[PDB]
């Protein structure tokens, strides 16, 4: 019997229907001449990578794999689904069935067929597949990443890797909008050089290969002129730029207005509407235009239940076809409750797009944001139809958070942040997942002490034990069992972080080594903190003073190092013990 492995995202409807089977050494492939080109290539690569030949002539002893879209006239597929259909599903959905030596994939469309193969790829372990009946489809129909942070833009290879990763997790959107790319913002009028354009072409091609809608962003807000001959000239500049990316295959565009001095709401929206008419609609194979207003968090948009001036005029003028992005109640913020969605959607008489600013860390660069999607309402799909996260300048470790994004936006009402968090790390880290959880667990909360606060609280079960110790100590109860429990946790953080340092691949390790060092320092200072507690209990002053120097030395090292981790837990524990 073959267990269903970890799947991401969680398919909507899955049922085990059999004991499972081993897929034979080579397989009959059916419908691959009519099925989505990209789904077939995904399937082809996976089969090659796992040493599974495709037969030329049908072999009735071989596992048979049938693939195609609803709109393909292929009746051998309908027979293999055994009454399961993708016809009645929403766009991007698919059905998948494995019983009795056959595997059938019917996508509602090509996108759906590709995602069906992605699921197939996750179900197969060492040739063994479970026998199941799936129908699956996304809650939110635009899902992915806006590369829109300040600081060092992702490299070409970062982006190429990211896009393979989106495909494998059914994320369909990638917005190219890095703040520090001069040709995106500071110098938005200027053409990309020929070699930068050749890296774009590779990016566009890999997007299409992976079913990702590549969105070309531009932020002209710095200095765009709106009126007369200058307004024309500057508008023609948007057009030439968008057109040169159109000419390489781009079919989604964004025009952004965040973090700029000019607050001409009508002018902003007028530029959007013009571009929408003269480019987006005229081209006719271009997806809806995307934007972010100069006011983009509820705090900056709304005053005492009512839109501020900029927002109100912007919402009045902006064509209903355009996607408007907002970050929630603040820029970086604990939650988007349903009621916040409802309020903003209301001002806009439309379904909104979320620009979720987590795991981005450009505003507090010493800490890694390595937790799940958190504080996002599970009924958010009522007012949101477009969901993207803003990742860290660290592409590799951004994967943990984004992994949970795939799950939240695909299967929203089923989303369980802690389960999805454990899954992400289980799927990404393999042999090292247990240790990676130990470390990552301390690096989920982002807090700059002023305007930016978001994410699941750092290692909460450990904070709870830390608090039950001070409770048991001040009300003089026997704490000696908690103390031994805590020595274990602290020794474990050190053991785990050392294992990560020894065994993480360069790609991960080059992103988080300073924070591993930081957590070992804190774990060690926590151990001494406990030693300080125990020598206070034992009225032993020689041993208290020297565990106090050690604790002070560790905390001194963590406070002045660049790396930041576990501020309110492992770090605060040492500050607590020194009073």
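Positions refer to the first chain, counted from 1.
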| item | value |
| --- | --- |
| Selected stretch [higher average CA B-factor]: 21-29 or 560-568 | 21-29 |
| Segment of higher mean CA temperature factor, 476-484 or 268-276 | 476-484 |
| Identity of residue with top Cα B-factor, from 217, 328, 231, 93 | 231 |
| Residue, from 213, 227, 109, 506, that the PDB entry assigns the highest Cα B-factor | 227 |
| Third assignment of residue 367 from its chain's C-alpha B-factors | lowest |
| Within-chain third of residue 489 by Cα B-factor, per the entry | highest |
| CA B-factor ranking of residue 101, expressed as a third of its chain | middle |
| Third of chain Cα B-factors occupied by residue 385 | middle |
| Chain thirds of CA B-factor: placement of residue 323 | middle |
